[PDB]
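Asker: Sending over upload24.cif (mmCIF, C-alpha atoms and all ligand atoms).
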```
data_upload
#
loop_
_atom_site.label_atom_id
_atom_site.label_comp_id
_atom_site.auth_asym_id
_atom_site.auth_seq_id
_atom_site.Cartn_x
_atom_site.Cartn_y
_atom_site.Cartn_z
CA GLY A 15 60.44 -24.42 -11.33
CA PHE A 16 62.31 -24.31 -14.64
CA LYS A 17 59.55 -22.40 -16.44
CA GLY A 18 60.76 -18.97 -17.47
CA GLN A 19 64.38 -19.98 -16.96
CA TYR A 20 66.04 -19.23 -20.29
CA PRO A 21 69.66 -20.43 -20.00
CA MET A 22 70.54 -19.09 -23.46
CA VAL A 23 69.36 -15.60 -22.49
CA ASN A 24 71.81 -15.67 -19.58
CA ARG A 25 74.62 -16.69 -21.93
CA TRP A 26 73.76 -13.66 -24.11
CA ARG A 27 73.65 -11.48 -21.00
CA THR A 28 77.17 -12.55 -19.98
CA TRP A 29 78.38 -12.06 -23.57
CA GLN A 30 76.94 -8.53 -23.64
CA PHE A 31 78.61 -7.49 -20.39
CA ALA A 32 81.91 -8.73 -21.83
CA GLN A 33 81.41 -6.29 -24.74
CA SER A 34 81.48 -3.52 -22.07
CA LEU A 35 77.74 -2.90 -22.31
CA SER A 36 75.97 -1.35 -19.35
CA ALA A 37 73.42 -2.98 -17.07
CA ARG A 38 70.86 -0.43 -18.32
CA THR A 39 71.32 -1.53 -21.94
CA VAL A 40 71.63 -5.25 -21.23
CA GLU A 41 68.85 -5.69 -18.69
CA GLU A 42 66.41 -3.84 -20.95
CA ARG A 43 67.24 -6.11 -23.91
CA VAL A 44 66.99 -9.24 -21.75
CA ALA A 45 63.67 -8.10 -20.28
CA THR A 46 62.29 -7.60 -23.80
CA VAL A 47 63.32 -11.08 -24.96
CA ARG A 48 61.85 -12.60 -21.79
CA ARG A 49 58.63 -10.60 -22.21
CA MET A 50 58.20 -11.89 -25.77
CA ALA A 51 59.01 -15.47 -24.73
CA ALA A 52 56.54 -15.55 -21.83
CA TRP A 53 53.76 -13.94 -23.89
CA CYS A 54 54.31 -16.28 -26.85
CA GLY A 55 54.70 -19.35 -24.61
CA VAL A 56 57.95 -20.39 -26.31
CA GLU A 57 61.60 -20.69 -25.40
CA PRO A 58 63.12 -17.45 -26.75
CA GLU A 59 65.81 -19.15 -28.84
CA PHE A 60 63.14 -21.15 -30.72
CA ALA A 61 60.62 -18.37 -31.43
CA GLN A 62 59.31 -18.43 -35.00
CA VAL A 63 58.49 -15.56 -37.35
CA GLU A 64 54.73 -15.70 -36.88
CA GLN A 65 55.04 -15.74 -33.08
CA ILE A 66 57.31 -12.68 -33.14
CA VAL A 67 54.99 -10.89 -35.57
CA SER A 68 52.05 -11.71 -33.31
CA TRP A 69 53.87 -10.37 -30.26
CA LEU A 70 54.93 -7.15 -31.98
CA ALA A 71 51.34 -6.57 -33.15
CA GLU A 72 49.35 -7.89 -30.18
CA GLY A 73 51.61 -8.40 -27.14
CA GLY A 74 50.85 -4.88 -26.00
CA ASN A 75 49.48 -1.58 -27.20
CA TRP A 76 53.00 -0.35 -27.81
CA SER A 77 53.88 3.19 -28.78
CA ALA A 78 55.84 3.59 -32.01
CA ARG A 79 58.98 4.22 -29.95
CA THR A 80 58.45 1.11 -27.81
CA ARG A 81 57.80 -1.09 -30.85
CA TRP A 82 60.93 0.28 -32.54
CA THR A 83 63.05 -0.39 -29.44
CA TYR A 84 61.60 -3.90 -29.00
CA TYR A 85 62.31 -4.78 -32.63
CA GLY A 86 65.93 -3.72 -32.10
CA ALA A 87 66.35 -5.84 -28.98
CA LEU A 88 64.87 -8.88 -30.73
CA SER A 89 67.11 -8.23 -33.73
CA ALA A 90 70.18 -8.14 -31.48
CA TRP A 91 69.12 -11.41 -29.82
CA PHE A 92 68.42 -13.38 -32.98
CA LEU A 93 71.46 -11.99 -34.80
CA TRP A 94 73.61 -13.07 -31.84
CA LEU A 95 72.03 -16.54 -31.85
CA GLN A 96 72.87 -16.95 -35.53
CA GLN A 97 76.33 -15.34 -35.38
CA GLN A 98 77.36 -17.61 -32.49
CA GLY A 99 76.22 -20.72 -34.38
CA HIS A 100 73.34 -21.60 -32.04
CA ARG A 101 70.61 -21.17 -34.65
CA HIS A 102 70.91 -21.46 -38.42
CA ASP A 103 68.20 -18.92 -39.26
CA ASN A 104 67.34 -15.40 -38.11
CA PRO A 105 63.54 -14.88 -38.03
CA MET A 106 63.86 -11.08 -37.97
CA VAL A 107 64.99 -11.17 -41.61
CA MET A 108 61.35 -11.98 -42.42
CA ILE A 109 59.94 -9.12 -40.33
CA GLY A 110 59.86 -5.58 -41.67
CA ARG A 111 61.09 -2.83 -39.40
CA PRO A 112 58.26 -1.01 -37.59
CA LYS A 113 57.49 2.66 -38.14
CA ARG A 114 60.57 4.69 -37.31
CA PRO A 115 59.69 6.89 -34.30
CA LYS A 116 60.05 10.65 -34.32
CA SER A 117 63.58 11.64 -33.30
CA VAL A 118 63.28 14.24 -30.53
CA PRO A 119 65.95 16.91 -31.18
CA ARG A 120 67.78 18.77 -28.44
CA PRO A 121 65.62 21.76 -27.42
CA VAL A 122 67.35 25.13 -27.44
CA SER A 123 67.93 26.24 -23.85
CA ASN A 124 67.81 29.64 -22.18
CA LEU A 125 71.60 29.54 -21.92
CA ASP A 126 71.83 28.81 -25.65
CA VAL A 127 69.78 31.93 -26.38
CA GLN A 128 71.99 33.96 -24.04
CA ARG A 129 75.07 32.95 -26.03
CA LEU A 130 73.26 33.56 -29.32
CA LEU A 131 72.36 37.08 -28.18
CA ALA A 132 76.00 37.65 -27.16
CA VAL A 133 77.77 36.60 -30.38
CA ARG A 134 79.34 39.45 -32.30
CA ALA A 135 77.31 39.89 -35.47
CA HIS A 136 75.97 42.29 -38.05
CA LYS A 137 72.73 43.91 -36.95
CA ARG A 138 70.77 42.12 -39.69
CA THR A 139 71.96 38.84 -38.16
CA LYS A 140 70.83 40.01 -34.73
CA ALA A 141 67.44 41.05 -36.14
CA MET A 142 66.87 37.61 -37.71
CA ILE A 143 67.66 35.93 -34.38
CA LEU A 144 65.37 38.28 -32.44
CA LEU A 145 62.46 37.79 -34.84
CA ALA A 146 62.71 34.00 -34.62
CA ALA A 147 63.33 33.74 -30.87
CA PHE A 148 61.26 36.65 -29.53
CA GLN A 149 58.40 36.82 -32.06
CA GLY A 150 58.25 33.17 -33.16
CA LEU A 151 58.62 34.06 -36.84
CA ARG A 152 59.34 31.41 -39.47
CA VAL A 153 62.26 31.99 -41.80
CA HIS A 154 60.10 33.07 -44.74
CA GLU A 155 58.22 35.48 -42.45
CA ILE A 156 61.54 36.91 -41.25
CA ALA A 157 62.89 37.27 -44.78
CA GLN A 158 59.94 39.38 -45.99
CA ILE A 159 59.63 41.70 -42.98
CA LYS A 160 59.46 45.43 -43.69
CA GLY A 161 59.62 48.43 -41.40
CA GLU A 162 56.11 49.34 -42.56
CA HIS A 163 54.83 46.09 -41.01
CA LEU A 164 55.66 47.42 -37.53
CA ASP A 165 53.91 50.03 -35.41
CA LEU A 166 56.49 50.95 -32.81
CA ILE A 167 54.20 53.50 -31.12
CA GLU A 168 51.60 50.81 -30.35
CA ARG A 169 54.32 48.08 -30.26
CA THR A 170 52.62 45.75 -32.73
CA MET A 171 53.42 44.12 -36.04
CA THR A 172 51.37 42.56 -38.80
CA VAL A 173 52.22 39.12 -40.19
CA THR A 174 50.38 36.31 -41.92
CA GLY A 175 48.39 34.19 -39.49
CA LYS A 176 46.65 31.16 -40.96
CA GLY A 177 46.16 30.98 -44.70
CA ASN A 178 45.86 34.49 -46.10
CA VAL A 179 44.39 35.96 -42.88
CA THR A 180 46.57 38.69 -41.35
CA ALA A 181 47.41 38.58 -37.65
CA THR A 182 48.53 41.37 -35.32
CA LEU A 183 51.27 40.42 -32.83
CA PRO A 184 52.50 42.43 -29.85
CA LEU A 185 56.18 43.32 -30.10
CA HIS A 186 58.73 42.13 -27.57
CA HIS A 187 60.78 45.04 -26.26
CA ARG A 188 63.98 43.53 -27.75
CA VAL A 189 62.34 43.67 -31.18
CA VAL A 190 61.10 47.23 -30.65
CA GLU A 191 64.69 48.12 -29.76
CA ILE A 192 66.29 46.65 -32.88
CA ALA A 193 63.42 47.96 -35.02
CA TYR A 194 64.61 51.50 -34.30
CA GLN A 195 67.97 50.48 -35.84
CA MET A 196 66.32 49.01 -38.96
CA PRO A 197 64.52 50.59 -41.93
CA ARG A 198 61.23 52.05 -40.75
CA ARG A 199 59.65 51.60 -44.20
CA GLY A 200 61.49 49.21 -46.53
CA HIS A 201 62.75 45.66 -46.20
CA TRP A 202 64.91 44.81 -43.20
CA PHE A 203 66.75 42.26 -45.36
CA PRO A 204 67.11 43.68 -48.87
CA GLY A 205 67.90 41.13 -51.52
CA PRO A 206 67.06 39.99 -55.05
CA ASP A 207 63.89 38.11 -54.05
CA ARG A 208 60.78 40.31 -54.28
CA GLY A 209 63.05 42.98 -52.81
CA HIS A 210 64.26 40.85 -49.87
CA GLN A 211 66.70 38.07 -49.08
CA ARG A 212 65.86 34.46 -49.87
CA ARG A 213 64.43 32.39 -47.04
CA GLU A 214 67.35 30.00 -47.53
CA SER A 215 69.94 32.64 -46.63
CA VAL A 216 67.93 33.64 -43.56
CA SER A 217 67.93 29.98 -42.54
CA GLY A 218 71.65 29.76 -43.31
CA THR A 219 72.42 32.88 -41.27
CA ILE A 220 70.61 31.65 -38.16
CA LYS A 221 72.28 28.25 -38.54
CA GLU A 222 75.78 29.76 -38.77
CA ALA A 223 75.06 32.03 -35.80
CA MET A 224 73.98 29.02 -33.72
CA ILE A 225 77.19 27.14 -34.60
CA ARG A 226 79.17 30.22 -33.59
CA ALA A 227 77.23 30.38 -30.30
CA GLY A 228 77.85 26.67 -29.62
CA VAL A 229 74.17 25.83 -30.12
CA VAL A 230 72.70 22.84 -31.94
CA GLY A 231 69.44 23.48 -33.78
CA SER A 232 67.93 25.71 -36.43
CA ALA A 233 65.71 28.74 -36.93
CA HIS A 234 62.73 26.45 -36.33
CA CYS A 235 64.24 25.51 -32.97
CA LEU A 236 64.27 29.21 -32.00
CA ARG A 237 60.55 29.46 -32.73
CA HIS A 238 60.12 26.39 -30.53
CA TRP A 239 62.12 28.06 -27.76
CA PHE A 240 59.76 31.03 -28.12
CA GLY A 241 56.77 28.84 -27.29
CA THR A 242 58.60 26.69 -24.72
CA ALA A 243 60.04 29.68 -22.87
CA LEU A 244 56.65 31.42 -22.83
CA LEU A 245 55.09 28.35 -21.20
CA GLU A 246 57.97 28.21 -18.71
CA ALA A 247 57.28 31.86 -17.82
CA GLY A 248 53.70 31.06 -16.78
CA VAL A 249 51.89 32.13 -19.95
CA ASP A 250 48.81 29.98 -20.49
CA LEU A 251 48.78 27.42 -23.29
CA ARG A 252 46.11 29.19 -25.33
CA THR A 253 47.93 32.53 -25.27
CA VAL A 254 51.19 30.87 -26.35
CA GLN A 255 49.39 29.23 -29.27
CA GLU A 256 47.92 32.59 -30.29
CA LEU A 257 51.35 34.25 -30.07
CA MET A 258 52.80 31.42 -32.18
CA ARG A 259 49.87 31.57 -34.62
CA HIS A 260 49.81 27.80 -34.11
CA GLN A 261 47.81 25.98 -36.76
CA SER A 262 45.80 24.01 -34.19
CA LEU A 263 43.85 27.28 -33.83
CA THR A 264 41.50 28.69 -36.44
CA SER A 265 42.51 31.77 -38.42
CA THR A 266 39.83 33.63 -36.45
CA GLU A 267 41.16 32.52 -33.06
CA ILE A 268 44.64 33.61 -34.20
CA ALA A 269 43.71 36.97 -35.72
CA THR A 270 41.26 38.04 -33.00
CA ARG A 271 42.38 40.90 -30.78
CA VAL A 272 39.96 40.37 -27.88
CA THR A 273 43.01 38.86 -26.11
CA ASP A 274 45.47 41.62 -27.07
CA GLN A 275 46.32 42.50 -23.46
CA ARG A 276 46.95 38.90 -22.40
CA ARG A 277 49.14 38.40 -25.48
CA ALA A 278 51.15 41.58 -24.90
CA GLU A 279 51.66 40.84 -21.20
CA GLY A 280 52.58 37.27 -22.13
CA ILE A 281 55.24 38.02 -24.72
CA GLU A 282 56.99 40.51 -22.43
CA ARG A 283 57.70 37.74 -19.91
CA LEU A 284 60.14 36.25 -22.43
CA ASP A 285 63.53 36.49 -20.75
CA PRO A 286 66.46 34.12 -21.46
CA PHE A 287 68.08 35.27 -18.18
CA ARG A 288 65.14 34.05 -16.07
CA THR A 303 56.36 27.31 -15.05
CA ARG A 304 56.72 23.52 -15.34
CA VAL A 305 56.47 22.28 -18.93
CA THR A 306 55.38 18.68 -19.47
CA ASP A 307 55.61 16.34 -22.44
CA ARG A 308 51.87 16.93 -22.87
CA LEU A 309 52.04 20.73 -23.01
CA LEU A 310 55.01 20.67 -25.38
CA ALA A 311 52.95 18.55 -27.78
CA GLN A 312 50.32 21.31 -27.77
CA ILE A 313 52.72 23.75 -29.50
CA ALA A 314 54.50 21.17 -31.68
CA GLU A 315 54.50 21.36 -35.47
NA NA A 401 75.91 -10.18 -32.44
#
```
Would you mind writing the structure in this file as structure tokens?
Answerer:
Amino acid sequence: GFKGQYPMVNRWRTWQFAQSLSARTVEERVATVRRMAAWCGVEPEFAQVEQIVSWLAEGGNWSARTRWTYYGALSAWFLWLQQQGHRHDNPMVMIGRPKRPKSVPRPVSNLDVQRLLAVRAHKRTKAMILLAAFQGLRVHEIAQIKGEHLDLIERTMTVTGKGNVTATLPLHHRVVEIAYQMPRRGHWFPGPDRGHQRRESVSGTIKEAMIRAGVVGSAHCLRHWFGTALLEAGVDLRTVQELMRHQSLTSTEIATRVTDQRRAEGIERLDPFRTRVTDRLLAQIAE
């Protein structure tokens, strides 16, 4: 009858609503405190350190995110108990925070890339953006690119794959196009660093262009859009990973050209003006 009735939890619930908190926030916190209490077999306001530690370690096979969230709800509960004068101690002081979960940044969207392609900019800025977003190049790969790395007749380029093993990538038509406006032999981005610009200024350029385009993210996020947008266009996971030179593949699987035609047909589907990507697929191209 009274089992599982936790009058003090309901007091906290009412208090939280009066702080203008939402039902979503409050009911999730209350459910967590009740879950811990029922599993431990204790009234939630009297739970002791070792019970809470046991529940956070053994009450479920929690993900890192779930454990982090649960720790925060328990911290809010016990801090409230102490602050309101209901309990002298706070057992969470004795419990180290769990592993901070990976913060999932905002993925760059097709509309973001549209605006990035539309910002007025020097052609070297446009080239850096195109290499990141439409070839998946990392900023140090962009910085060192030379005209003599590109075959515009065969529409290919050479870049480092895994380790020291060279890879041959098909060129997106947008990159072929800007390549004919760039040096056909020397560095695209001349600078003091082995003849080219520093990777830091390539990163800084892409970052400033994204701010100007109203886009949050970085050059890395454009390489992630490259993979994400390829998957959204129907390209199969393995081909995307080859086009990205993803390190889950071996240098041989990356540098092989048995799949040249699938790769070339895949990369050409990339169109920010345009097939269902899941949390599982996205983890396949993550880095
Ligand atoms: Na409080």
Asker: I'd like the neighbourhood of residue 68 (chain A) as an MDAnalysis selection string, where a residue qualifies if any of its atoms comes within 12 Å (using all atoms listed in the file), though same-chain residues fewer than 2 positions away should be ignored.
Answerer: chainID A and resid 50:51 53:55 61:66 70:74 109
Asker: Find the residues near region 39-48 of chain A: any atom within 7 Å, counting all atoms listed in the file, skip ones fewer than 6 places away on the same chain, and give them as a ChimeraX atom specification.
Answerer: /A:23,27,30,58,84,87-88
Asker: Need to verify the contact set: region 257-262 of chain A, 7 Å, only C-alpha atoms, exclusion of same-chain residues closer than 2 positions in sequence. Can you return it as a PDB file with C-alpha atoms, in the frame of the given file?
Answerer:
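That gives us part_19.pdb:
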```pdb
ATOM      1  CA  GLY A 150      58.250  33.170 -33.160  1.00  0.00           C
ATOM      2  CA  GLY A 175      48.390  34.190 -39.490  1.00  0.00           C
ATOM      3  CA  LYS A 176      46.650  31.160 -40.960  1.00  0.00           C
ATOM      4  CA  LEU A 183      51.270  40.420 -32.830  1.00  0.00           C
ATOM      5  CA  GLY A 241      56.770  28.840 -27.290  1.00  0.00           C
ATOM      6  CA  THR A 253      47.930  32.530 -25.270  1.00  0.00           C
ATOM      7  CA  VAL A 254      51.190  30.870 -26.350  1.00  0.00           C
ATOM      8  CA  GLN A 255      49.390  29.230 -29.270  1.00  0.00           C
ATOM      9  CA  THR A 264      41.500  28.690 -36.440  1.00  0.00           C
ATOM     10  CA  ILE A 268      44.640  33.610 -34.200  1.00  0.00           C
ATOM     11  CA  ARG A 277      49.140  38.400 -25.480  1.00  0.00           C
ATOM     12  CA  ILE A 313      52.720  23.750 -29.500  1.00  0.00           C
TER      13      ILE A 313
END
```
Asker: In Å, rounded to a single decimal, give me how far CA of residue 267 (chain A) is from CA of residue 243 (chain A).
Answerer: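 Answer for the CA of residue 243 (chain A) to CA of residue 267 (chain A) separation: 21.6 Å.
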Asker: List every residue of chain A that has an atom at most 12 Å from any atom of ligand NA 401 (chain A), and for each one report the closest atom pair and its distance in Å to one decimal, counting all atoms listed in the file, with rows sorted by chain and then by increasing residue number, as a Markdown table.
Answerer:
```
| residue | atom | partner | partner_atom | distance |
| --- | --- | --- | --- | --- |
| A:26 | CA | A:NA401 | NA | 9.3 |
| A:27 | CA | A:NA401 | NA | 11.7 |
| A:29 | CA | A:NA401 | NA | 9.4 |
| A:30 | CA | A:NA401 | NA | 9.0 |
| A:33 | CA | A:NA401 | NA | 10.2 |
| A:86 | CA | A:NA401 | NA | 11.9 |
| A:87 | CA | A:NA401 | NA | 11.1 |
| A:88 | CA | A:NA401 | NA | 11.2 |
| A:89 | CA | A:NA401 | NA | 9.1 |
| A:90 | CA | A:NA401 | NA | 6.2 |
| A:91 | CA | A:NA401 | NA | 7.4 |
| A:92 | CA | A:NA401 | NA | 8.2 |
| A:93 | CA | A:NA401 | NA | 5.4 |
| A:94 | CA | A:NA401 | NA | 3.7 |
| A:95 | CA | A:NA401 | NA | 7.5 |
| A:96 | CA | A:NA401 | NA | 8.0 |
| A:97 | CA | A:NA401 | NA | 6.0 |
| A:98 | CA | A:NA401 | NA | 7.6 |
| A:99 | CA | A:NA401 | NA | 10.7 |
| A:100 | CA | A:NA401 | NA | 11.7 |
| A:104 | CA | A:NA401 | NA | 11.5 |
```
Asker: For a quick check of understanding, using all atoms listed in the file, which of A:130, A:110, A:200, A:137 has the smallest distance to residue 163 (chain A)?
Answerer: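 Closest to residue 163 (chain A) of all the choices is A:200.
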Asker: Would you be able to write out as a PyMOL selection string which residues have an atom within 10 Å of (58.7, 20.0, -28.0) in the file's coordinates, counting only C-alpha atoms?
Answerer: chain A and resi 118-121+235+238-239+241-242+305-315
Asker: Could you save those same residues with C-alpha atoms as a PDB file, keeping the file's coordinate frame?
Answerer:
```pdb
ATOM      1  CA  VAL A 118      63.280  14.240 -30.530  1.00  0.00           C
ATOM      2  CA  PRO A 119      65.950  16.910 -31.180  1.00  0.00           C
ATOM      3  CA  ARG A 120      67.780  18.770 -28.440  1.00  0.00           C
ATOM      4  CA  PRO A 121      65.620  21.760 -27.420  1.00  0.00           C
ATOM      5  CA  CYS A 235      64.240  25.510 -32.970  1.00  0.00           C
ATOM      6  CA  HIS A 238      60.120  26.390 -30.530  1.00  0.00           C
ATOM      7  CA  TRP A 239      62.120  28.060 -27.760  1.00  0.00           C
ATOM      8  CA  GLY A 241      56.770  28.840 -27.290  1.00  0.00           C
ATOM      9  CA  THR A 242      58.600  26.690 -24.720  1.00  0.00           C
ATOM     10  CA  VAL A 305      56.470  22.280 -18.930  1.00  0.00           C
ATOM     11  CA  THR A 306      55.380  18.680 -19.470  1.00  0.00           C
ATOM     12  CA  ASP A 307      55.610  16.340 -22.440  1.00  0.00           C
ATOM     13  CA  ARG A 308      51.870  16.930 -22.870  1.00  0.00           C
ATOM     14  CA  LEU A 309      52.040  20.730 -23.010  1.00  0.00           C
ATOM     15  CA  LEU A 310      55.010  20.670 -25.380  1.00  0.00           C
ATOM     16  CA  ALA A 311      52.950  18.550 -27.780  1.00  0.00           C
ATOM     17  CA  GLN A 312      50.320  21.310 -27.770  1.00  0.00           C
ATOM     18  CA  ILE A 313      52.720  23.750 -29.500  1.00  0.00           C
ATOM     19  CA  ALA A 314      54.500  21.170 -31.680  1.00  0.00           C
ATOM     20  CA  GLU A 315      54.500  21.360 -35.470  1.00  0.00           C
TER      21      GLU A 315
END
```
Asker: Have a look at CA of residue 222 (chain A) and CA of residue 140 (chain A) and let me know their distance in Å, one decimal.
Answerer: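 According to the coordinates, CA of residue 222 (chain A) and CA of residue 140 (chain A) are separated by 12.1 Å.
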Asker: Tell me which protein, DNA and RNA residues are within 10 Å of residue 226 (chain A), counting all atoms listed in the file, leaving out same-chain ones fewer than 5 positions away, and put them as a ChimeraX atom specification.
Answerer: /A:129-130,133-134,220-221
Asker: Expressed in Å to a single decimal, how great is the separation between CA of residue 204 (chain A) and CA of residue 185 (chain A)?
Answerer: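 Between these atoms lies a distance of 21.7 Å.
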Asker: Measuring between all atoms listed in the file, which one of A:132, A:233, A:278, A:225 shows the shortest distance to residue 186 (chain A)?
Answerer: A:278
Asker: Calculate, to one decimal in Å, the centre and edge lengths of the box along x, y and z of the file that holds all listed atoms of region 87-94 of chain A with 5 Å of margin on each side, and present them as AutoDock Vina command-line options.
Answerer:
```
--center_x 69.2 --center_y -9.6 --center_z -31.9 --size_x 18.7 --size_y 17.5 --size_z 15.8
```
Asker: Between A:105, A:161, A:209, A:286, which has the minimum distance to residue 128 (chain A) (counting all atoms listed in the file)?
Answerer: A:286
Asker: Of the candidates A:224, A:181, A:192, A:236, which one gets nearest to residue 152 (chain A) if we count all atoms listed in the file?
Answerer: A:236
Asker: Using only C-alpha atoms for the distances, tell me which of A:217, A:139, A:211, A:34 is nearest to residue 157 (chain A).
Answerer: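 Among the listed residues, A:211 lies closest to residue 157 (chain A).
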Asker: Pick from A:158, A:149, A:265, A:124: nearest to residue 206 (chain A), with only C-alpha atoms counted?
Answerer: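 The shortest atom-to-atom distance to residue 206 (chain A) comes from A:158.
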